[PDB]
Each structure stands twice: as structure tokens, then as C-alpha cells.
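Visitor: The structure that follows is given in the form of C-alpha cells.
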Amino acid sequence: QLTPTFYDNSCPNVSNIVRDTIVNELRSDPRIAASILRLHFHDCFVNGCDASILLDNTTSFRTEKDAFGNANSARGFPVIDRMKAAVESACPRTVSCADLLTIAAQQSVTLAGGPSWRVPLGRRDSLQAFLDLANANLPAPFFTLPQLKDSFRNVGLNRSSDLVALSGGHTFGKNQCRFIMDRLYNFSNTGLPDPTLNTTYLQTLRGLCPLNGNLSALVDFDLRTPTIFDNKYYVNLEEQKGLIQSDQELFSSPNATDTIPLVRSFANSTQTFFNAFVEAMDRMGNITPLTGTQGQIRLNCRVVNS
Ligand code: HEM
Ligand SMILES: [Ca+2]
Ligand SMILES: [Ca+2]
């Protein structure tokens, strides 16, 4: 059983060390908080939160960093290396990379203005990486609501609240033009833009992502508060201003009878959203963890101990 007090005796200053690292990095990279939260998400959706995503290539297994959902997208790995080294200095061979990344995600959310809470701890590090599993398990922006639900259920998150609350992670961070080109110019081979995208916002997005333009150009997930962790993400959905297909479907999908009330509830109250987000985050952080003597306490998050 994971517990928030896991390192209260062995490394009481772990959370503080993680926080300081992120505070320092935010000065040169204001996007790092969002990037770190996403790393935790992609870690947990593949064999659980076991730091498998942090592993680099080996001749026996491929890195998850080359998965369609991570390649030329996932970032912040050097920052994780930095806090790991700092934590190793303060508490040698004590904090797992899996736990470190979980704390980093929570601290990132709080630093961005989100809720503050103590995450359950006690996770251990994987002995291998899972590229095929990452390609199969990570959801894509073009997923329909049924597919999004399937993706979450596949890893153990059955609740629509899990999906709606965790999608709130898009209240900050960036998204490449490549992922919305269809919504802007030819959605579902209709030759027309996605009808669920607000027409005024459509114009703005087309200006940022012209046809045949730079597909790697970055756009803000939340047009209201691009870098602040708040409930504005849901207010956007209510106005048909969700950026990617998977965002807007939470409010507009024919299958959204169960998610619409959640979107509204989170848009109506910051407290309701924050509570639901913490609840969902801890549930996601509880996905098939290695505990006790299973796995290791990786010293270098990029490689298995030898
Ligand atoms: C529900 C399905 C989801 C899909 C299909 C999805 C898809 C995406 C895509 C397409 C990007 C843009 C990547 C890029 O352009 O490089 C992204 C970024 C991001 N996602 Fe999601 N996401 C989902 C759920 C989540 C969840 C559950 C969280 C965390 C609680 C999360 C947090 C983020 C953050 C913070 C970013 C910004 C990262 C950065 O700017 O570096 N996402 N997501
Ligand atoms: Ca993992
Ligand atoms: Ca925001």
C-alpha cells in the first residue's frame, strides 16, 4: 500500500528538493511544470508509474521515448536527472525515480497555482521499458470519446471523472499545430473544419497554424490562462474552445451524456475541480506500482542498476 509518509524518516526533505529544482528551472523554461506533469501521466499509463518512461535505449529493449506519443513531444528529462542527483546527494539510494516523478508532477501543479497535497509514495523502478505498450496505451488527440474512455479503462481508470478531471492537465502547456490541422481544414475527410470548434477561435488557430505551415509550431492548450493551473480549461470547452479533438469531445461528443455534467461542474467551481483532480491524480498514481522489494531504487533514472 502506497503511503504519503514513505520518506518522512529516510528523506524528509525530498519534496522541498524537488520543488526548488522546478522553481529554478521555471525561470528559464516556463513550460517545464506542464512538461513534468505530462511525463508522470505517460509514465503511469504504461505498466504503471514505474519510471519506465525515463529509461534510455539498450540493445535488449527500446526506449518509450520513441513512442508516437513521446517522440518529439515529451520533454524535461534533463530536469528530472537534476533533481534525482540532488536527492541522491541528500539521501543516497533512497528515493525511487517513480516516486520522484510523482512528487515532481504534484509540485509542478502546485507551483503553477494548482492544489497542494501529499502524494502516496513507496513506488519502485522498473527493470525495463515498454515501447510497444506505450504505443498501444497512450491516447491520441484524434481519439473519439469512446476511444478516450477505452484508453483510461485499459489502464485501470474506469470513472468518467478520472477522464474529465485529468484532462484538466491541459489547463496549461503547449500543443503542436500538427495535432489540430485536421480540425482546422479537413476534419474526418469532410474537407471542412471540425464543427465543434468555435468559428472565431477557428480563425485564430488557422492564423497560428496555416495550411502547409510549420507543423511543429506550438500553441497554448488554454487560451484563457496559458501557464496557470486553474479551471479555465473547462470554461473553454463550454464555449467550444477546447484546443484538440479529445478536449472538446468531453463536452460535445454524442457519447458525452456522462462527461458534460462533470465539465460544467468543474467549470463552475475551482474547488470542485481541484478536489476531483487530486482524487484522480492519486488514482492514476496508484496504477500497478512495483512495491516492497519489487524492482529497484534506480540511481540513474536513465538506466537500470547493474
Ligand atoms: C485524455 C487524453 C489525452 C490526450 C489525447 C492528450 C494529448 C496531448 C497532446 C497531443 C499534447 C501535445 C504534445 C505536443 O504537441 O508535443 C499533450 C500535451 C500535454 N498534456 Fe495531454 N493528453 C491527454 C491527457 C493528459 C493528462 C491525463 C495529463 C496530465 C494529468 C496531460 C497533460 C498534458 C500537458 C501538461 C501537456 C503539455 C506538455 C508540455 O507543454 O510540455 N494530458 N497532450
Ligand atoms: Ca511506466
Ligand atoms: Ca489555465
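So you can find residues: chains in the C-alpha cells are A, B, ... in the order shown, residues in each start at 1, and ligands are numbered from 1 in order.
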Do you know which residues are within 8 Å of ligand 2 using only C-alpha atoms and all ligand atoms? Can you write them as a list in words?
Guide: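 After applying the 8 Å limit, what remains is residues 42, 43, 44, 45, 46, 47, 48, 49, 50, 51, 52, 53, 126, 129 and 130 of chain A.
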Visitor: Using only C-alpha atoms and all ligand atoms, find each residue of chain A with at least one atom at most 8 Å away from an atom of ligand 3; report its shortest atom-to-atom pair and that distance in Å (one decimal), sort the rows by chain and rising residue number, and return the result as a Markdown table.
Guide:
```
| residue | atom | partner | partner_atom_place_in_ligand_line | distance |
| --- | --- | --- | --- | --- |
| A:170 | CA | ligand 3 | 1 (Ca) | 7.5 |
| A:171 | CA | ligand 3 | 1 (Ca) | 3.9 |
| A:172 | CA | ligand 3 | 1 (Ca) | 4.9 |
| A:222 | CA | ligand 3 | 1 (Ca) | 5.4 |
| A:223 | CA | ligand 3 | 1 (Ca) | 7.7 |
| A:224 | CA | ligand 3 | 1 (Ca) | 6.3 |
| A:225 | CA | ligand 3 | 1 (Ca) | 4.0 |
| A:226 | CA | ligand 3 | 1 (Ca) | 5.2 |
| A:227 | CA | ligand 3 | 1 (Ca) | 5.8 |
| A:228 | CA | ligand 3 | 1 (Ca) | 4.4 |
| A:229 | CA | ligand 3 | 1 (Ca) | 4.8 |
| A:230 | CA | ligand 3 | 1 (Ca) | 4.8 |
| A:231 | CA | ligand 3 | 1 (Ca) | 6.5 |
| A:232 | CA | ligand 3 | 1 (Ca) | 5.3 |
| A:233 | CA | ligand 3 | 1 (Ca) | 5.9 |
```
Visitor: Take the residues that were just selected and, keeping N, CA and C atoms, output them as an mmCIF file, in the first residue's frame.
Guide:
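The result, stored in again-v9.cif:
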```cif
data_model
loop_
_atom_site.group_PDB
_atom_site.id
_atom_site.type_symbol
_atom_site.label_atom_id
_atom_site.label_comp_id
_atom_site.auth_asym_id
_atom_site.auth_seq_id
_atom_site.Cartn_x
_atom_site.Cartn_y
_atom_site.Cartn_z
ATOM 1 N N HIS A 170 -4.631 19.967 -19.312
ATOM 2 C CA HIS A 170 -4.471 20.834 -20.470
ATOM 3 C C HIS A 170 -4.882 22.264 -20.134
ATOM 4 N N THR A 171 -4.877 22.591 -18.843
ATOM 5 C CA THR A 171 -5.200 23.953 -18.431
ATOM 6 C C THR A 171 -3.937 24.796 -18.630
ATOM 7 N N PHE A 172 -2.835 24.128 -18.964
ATOM 8 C CA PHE A 172 -1.578 24.806 -19.263
ATOM 9 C C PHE A 172 -0.745 23.967 -20.233
ATOM 10 N N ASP A 222 -4.643 26.246 -23.263
ATOM 11 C CA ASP A 222 -5.657 27.082 -22.619
ATOM 12 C C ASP A 222 -5.501 28.537 -23.057
ATOM 13 N N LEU A 223 -6.418 29.022 -23.893
ATOM 14 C CA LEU A 223 -6.315 30.398 -24.374
ATOM 15 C C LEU A 223 -6.581 31.448 -23.298
ATOM 16 N N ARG A 224 -7.215 31.050 -22.196
ATOM 17 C CA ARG A 224 -7.500 31.995 -21.114
ATOM 18 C C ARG A 224 -6.289 32.230 -20.209
ATOM 19 N N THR A 225 -5.757 31.164 -19.617
ATOM 20 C CA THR A 225 -4.573 31.276 -18.763
ATOM 21 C C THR A 225 -3.586 30.176 -19.155
ATOM 22 N N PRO A 226 -2.809 30.421 -20.220
ATOM 23 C CA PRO A 226 -1.801 29.525 -20.794
ATOM 24 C C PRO A 226 -0.833 28.812 -19.853
ATOM 25 N N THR A 227 -0.420 29.470 -18.772
ATOM 26 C CA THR A 227 0.541 28.856 -17.857
ATOM 27 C C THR A 227 0.064 28.650 -16.425
ATOM 28 N N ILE A 228 -1.178 29.019 -16.139
ATOM 29 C CA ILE A 228 -1.711 28.871 -14.791
ATOM 30 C C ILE A 228 -2.604 27.648 -14.650
ATOM 31 N N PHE A 229 -2.369 26.861 -13.604
ATOM 32 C CA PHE A 229 -3.186 25.679 -13.379
ATOM 33 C C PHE A 229 -4.476 26.104 -12.685
ATOM 34 N N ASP A 230 -5.564 26.124 -13.449
ATOM 35 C CA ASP A 230 -6.868 26.516 -12.934
ATOM 36 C C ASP A 230 -7.973 25.811 -13.714
ATOM 37 N N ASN A 231 -9.225 26.153 -13.434
ATOM 38 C CA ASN A 231 -10.344 25.501 -14.105
ATOM 39 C C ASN A 231 -10.775 26.152 -15.420
ATOM 40 N N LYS A 232 -9.994 27.110 -15.916
ATOM 41 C CA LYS A 232 -10.344 27.799 -17.157
ATOM 42 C C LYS A 232 -10.475 26.841 -18.342
ATOM 43 N N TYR A 233 -9.756 25.727 -18.285
ATOM 44 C CA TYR A 233 -9.817 24.724 -19.343
ATOM 45 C C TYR A 233 -11.254 24.303 -19.641
#
```
Visitor: Neighbours of ligand 1 within 7 Å, counting only C-alpha atoms and all ligand atoms, as an NGL selection string?
Guide: :A and (31-32 or 34-35 or 37-38 or 41 or 72-75 or 139-143 or 148 or 163 or 166-170 or 172-176 or 179 or 218 or 246 or 281)
Visitor: Take the selection from the previous step and output its residues with C-alpha atoms, as a PDB file, in the first residue's frame.
Guide:
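Dumped to part07.pdb:
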```pdb
ATOM      1  CA  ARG A  31       6.791  25.333 -19.757  1.00  0.00           C
ATOM      2  CA  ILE A  32       8.608  22.833 -17.513  1.00  0.00           C
ATOM      3  CA  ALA A  34       3.391  21.346 -17.661  1.00  0.00           C
ATOM      4  CA  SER A  35       6.041  19.117 -19.226  1.00  0.00           C
ATOM      5  CA  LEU A  37       3.098  16.659 -15.192  1.00  0.00           C
ATOM      6  CA  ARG A  38       2.784  15.100 -18.626  1.00  0.00           C
ATOM      7  CA  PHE A  41       0.927  10.808 -16.951  1.00  0.00           C
ATOM      8  CA  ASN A  72       9.483  14.903 -30.484  1.00  0.00           C
ATOM      9  CA  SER A  73       6.945  15.751 -27.783  1.00  0.00           C
ATOM     10  CA  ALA A  74       7.827  14.513 -24.289  1.00  0.00           C
ATOM     11  CA  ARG A  75      10.407  16.743 -22.595  1.00  0.00           C
ATOM     12  CA  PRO A 139      -4.222   8.091 -26.004  1.00  0.00           C
ATOM     13  CA  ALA A 140      -4.080  10.289 -29.101  1.00  0.00           C
ATOM     14  CA  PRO A 141      -5.676  13.703 -29.746  1.00  0.00           C
ATOM     15  CA  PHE A 142      -7.752  12.236 -32.580  1.00  0.00           C
ATOM     16  CA  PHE A 143      -9.436   9.673 -30.304  1.00  0.00           C
ATOM     17  CA  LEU A 148     -10.623   8.005 -24.766  1.00  0.00           C
ATOM     18  CA  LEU A 163     -11.020  11.240 -17.591  1.00  0.00           C
ATOM     19  CA  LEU A 166      -7.181  14.522 -15.523  1.00  0.00           C
ATOM     20  CA  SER A 167      -7.870  16.117 -18.924  1.00  0.00           C
ATOM     21  CA  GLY A 168      -7.727  19.326 -16.905  1.00  0.00           C
ATOM     22  CA  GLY A 169      -3.977  18.931 -17.227  1.00  0.00           C
ATOM     23  CA  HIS A 170      -4.471  20.834 -20.470  1.00  0.00           C
ATOM     24  CA  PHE A 172      -1.578  24.806 -19.263  1.00  0.00           C
ATOM     25  CA  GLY A 173       1.249  23.695 -21.554  1.00  0.00           C
ATOM     26  CA  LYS A 174       1.758  23.606 -25.337  1.00  0.00           C
ATOM     27  CA  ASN A 175       0.446  21.648 -28.347  1.00  0.00           C
ATOM     28  CA  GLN A 176       1.922  21.355 -31.853  1.00  0.00           C
ATOM     29  CA  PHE A 179      -2.306  17.752 -33.917  1.00  0.00           C
ATOM     30  CA  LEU A 218       3.411  25.447 -30.625  1.00  0.00           C
ATOM     31  CA  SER A 246     -10.030  14.893 -27.351  1.00  0.00           C
ATOM     32  CA  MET A 281      -4.238  12.103  -9.776  1.00  0.00           C
TER      33      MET A 281
END
```
Visitor: Can you list every residue in region 160-294 of chain A that DSSP puts in strand (DSSP E), as an mmCIF file with C-alpha atoms, in the first residue's frame?
Guide:
```cif
data_model
loop_
_atom_site.group_PDB
_atom_site.id
_atom_site.type_symbol
_atom_site.label_atom_id
_atom_site.label_comp_id
_atom_site.auth_asym_id
_atom_site.auth_seq_id
_atom_site.Cartn_x
_atom_site.Cartn_y
_atom_site.Cartn_z
ATOM 1 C CA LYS A 174 1.758 23.606 -25.337
ATOM 2 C CA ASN A 175 0.446 21.648 -28.347
ATOM 3 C CA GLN A 176 1.922 21.355 -31.853
ATOM 4 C CA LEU A 218 3.411 25.447 -30.625
ATOM 5 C CA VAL A 219 0.010 26.698 -29.470
ATOM 6 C CA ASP A 220 -1.367 27.131 -25.943
#
```
Visitor: I need the residues in region 39-126 of chain A that are alpha helix (DSSP H) according to DSSP; give them as a PyMOL selection string.
Guide: chain A and resi 39-44+77-90+97-111
Visitor: Based on the selection just made, write N, CA and C atoms of those residues as an mmCIF file, in the first residue's frame.
Guide:
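Below you can see out_11.cif, which holds the result:
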```
data_model
loop_
_atom_site.group_PDB
_atom_site.id
_atom_site.type_symbol
_atom_site.label_atom_id
_atom_site.label_comp_id
_atom_site.auth_asym_id
_atom_site.auth_seq_id
_atom_site.Cartn_x
_atom_site.Cartn_y
_atom_site.Cartn_z
ATOM 1 N N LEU A 39 4.912 14.012 -18.128
ATOM 2 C CA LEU A 39 5.811 12.864 -18.044
ATOM 3 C C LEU A 39 5.251 11.831 -17.071
ATOM 4 N N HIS A 40 4.698 12.306 -15.958
ATOM 5 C CA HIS A 40 4.120 11.417 -14.950
ATOM 6 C C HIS A 40 2.919 10.667 -15.537
ATOM 7 N N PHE A 41 2.097 11.384 -16.297
ATOM 8 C CA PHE A 41 0.927 10.808 -16.951
ATOM 9 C C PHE A 41 1.397 9.687 -17.883
ATOM 10 N N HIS A 42 2.340 9.999 -18.765
ATOM 11 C CA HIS A 42 2.835 8.988 -19.689
ATOM 12 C C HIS A 42 3.597 7.870 -18.992
ATOM 13 N N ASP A 43 4.053 8.104 -17.767
ATOM 14 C CA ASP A 43 4.743 7.034 -17.067
ATOM 15 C C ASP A 43 3.665 6.069 -16.588
ATOM 16 N N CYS A 44 2.693 6.610 -15.866
ATOM 17 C CA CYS A 44 1.609 5.817 -15.307
ATOM 18 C C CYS A 44 0.742 5.024 -16.282
ATOM 19 N N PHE A 77 13.357 15.633 -19.439
ATOM 20 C CA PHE A 77 14.192 14.568 -18.895
ATOM 21 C C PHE A 77 15.454 15.035 -18.157
ATOM 22 N N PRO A 78 16.170 16.044 -18.688
ATOM 23 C CA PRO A 78 17.382 16.521 -18.011
ATOM 24 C C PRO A 78 17.072 17.135 -16.647
ATOM 25 N N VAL A 79 15.898 17.749 -16.532
ATOM 26 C CA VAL A 79 15.478 18.373 -15.281
ATOM 27 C C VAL A 79 15.244 17.294 -14.228
ATOM 28 N N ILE A 80 14.689 16.166 -14.656
ATOM 29 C CA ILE A 80 14.445 15.065 -13.742
ATOM 30 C C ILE A 80 15.795 14.520 -13.276
ATOM 31 N N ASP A 81 16.764 14.468 -14.190
ATOM 32 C CA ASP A 81 18.102 13.985 -13.851
ATOM 33 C C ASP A 81 18.708 14.886 -12.784
ATOM 34 N N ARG A 82 18.466 16.182 -12.927
ATOM 35 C CA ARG A 82 18.995 17.164 -11.991
ATOM 36 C C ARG A 82 18.437 16.974 -10.587
ATOM 37 N N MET A 83 17.116 16.876 -10.461
ATOM 38 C CA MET A 83 16.542 16.692 -9.133
ATOM 39 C C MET A 83 16.920 15.332 -8.550
ATOM 40 N N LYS A 84 17.060 14.322 -9.406
ATOM 41 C CA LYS A 84 17.437 12.993 -8.930
ATOM 42 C C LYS A 84 18.821 13.050 -8.289
ATOM 43 N N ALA A 85 19.762 13.697 -8.970
ATOM 44 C CA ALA A 85 21.124 13.825 -8.459
ATOM 45 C C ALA A 85 21.120 14.587 -7.135
ATOM 46 N N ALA A 86 20.309 15.637 -7.065
ATOM 47 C CA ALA A 86 20.211 16.441 -5.853
ATOM 48 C C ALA A 86 19.648 15.606 -4.709
ATOM 49 N N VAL A 87 18.642 14.792 -5.012
ATOM 50 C CA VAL A 87 18.031 13.943 -3.998
ATOM 51 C C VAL A 87 18.991 12.833 -3.586
ATOM 52 N N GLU A 88 19.744 12.306 -4.547
ATOM 53 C CA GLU A 88 20.706 11.254 -4.246
ATOM 54 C C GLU A 88 21.783 11.781 -3.305
ATOM 55 N N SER A 89 22.136 13.051 -3.474
ATOM 56 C CA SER A 89 23.151 13.678 -2.637
ATOM 57 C C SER A 89 22.636 13.825 -1.210
ATOM 58 N N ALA A 90 21.381 14.240 -1.084
ATOM 59 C CA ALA A 90 20.763 14.428 0.222
ATOM 60 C C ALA A 90 20.398 13.109 0.891
ATOM 61 N N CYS A 97 12.950 6.641 -8.788
ATOM 62 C CA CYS A 97 12.667 7.596 -9.852
ATOM 63 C C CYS A 97 11.154 7.704 -10.039
ATOM 64 N N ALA A 98 10.454 6.586 -9.855
ATOM 65 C CA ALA A 98 8.998 6.556 -9.993
ATOM 66 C C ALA A 98 8.337 7.507 -8.995
ATOM 67 N N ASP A 99 8.817 7.496 -7.753
ATOM 68 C CA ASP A 99 8.276 8.374 -6.719
ATOM 69 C C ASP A 99 8.693 9.813 -6.980
ATOM 70 N N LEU A 100 9.945 9.997 -7.388
ATOM 71 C CA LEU A 100 10.476 11.323 -7.677
ATOM 72 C C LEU A 100 9.627 12.022 -8.734
ATOM 73 N N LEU A 101 9.286 11.292 -9.792
ATOM 74 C CA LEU A 101 8.480 11.854 -10.867
ATOM 75 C C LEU A 101 7.059 12.169 -10.397
ATOM 76 N N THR A 102 6.539 11.367 -9.471
ATOM 77 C CA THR A 102 5.197 11.602 -8.949
ATOM 78 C C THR A 102 5.206 12.900 -8.143
ATOM 79 N N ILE A 103 6.209 13.060 -7.284
ATOM 80 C CA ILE A 103 6.325 14.272 -6.478
ATOM 81 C C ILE A 103 6.518 15.481 -7.392
ATOM 82 N N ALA A 104 7.358 15.321 -8.411
ATOM 83 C CA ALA A 104 7.629 16.395 -9.359
ATOM 84 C C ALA A 104 6.343 16.855 -10.036
ATOM 85 N N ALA A 105 5.481 15.903 -10.373
ATOM 86 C CA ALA A 105 4.218 16.228 -11.018
ATOM 87 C C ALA A 105 3.342 17.039 -10.070
ATOM 88 N N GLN A 106 3.247 16.589 -8.823
ATOM 89 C CA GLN A 106 2.433 17.286 -7.838
ATOM 90 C C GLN A 106 2.978 18.682 -7.566
ATOM 91 N N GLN A 107 4.290 18.789 -7.376
ATOM 92 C CA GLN A 107 4.905 20.088 -7.114
ATOM 93 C C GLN A 107 4.716 21.022 -8.307
ATOM 94 N N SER A 108 4.780 20.468 -9.515
ATOM 95 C CA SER A 108 4.592 21.262 -10.725
ATOM 96 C C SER A 108 3.190 21.858 -10.759
ATOM 97 N N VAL A 109 2.192 21.048 -10.412
ATOM 98 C CA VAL A 109 0.806 21.508 -10.400
ATOM 99 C C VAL A 109 0.628 22.624 -9.368
ATOM 100 N N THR A 110 1.174 22.421 -8.175
ATOM 101 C CA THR A 110 1.061 23.420 -7.118
ATOM 102 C C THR A 110 1.791 24.712 -7.485
ATOM 103 N N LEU A 111 2.998 24.584 -8.024
ATOM 104 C CA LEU A 111 3.771 25.759 -8.414
ATOM 105 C C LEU A 111 3.058 26.579 -9.484
#
```
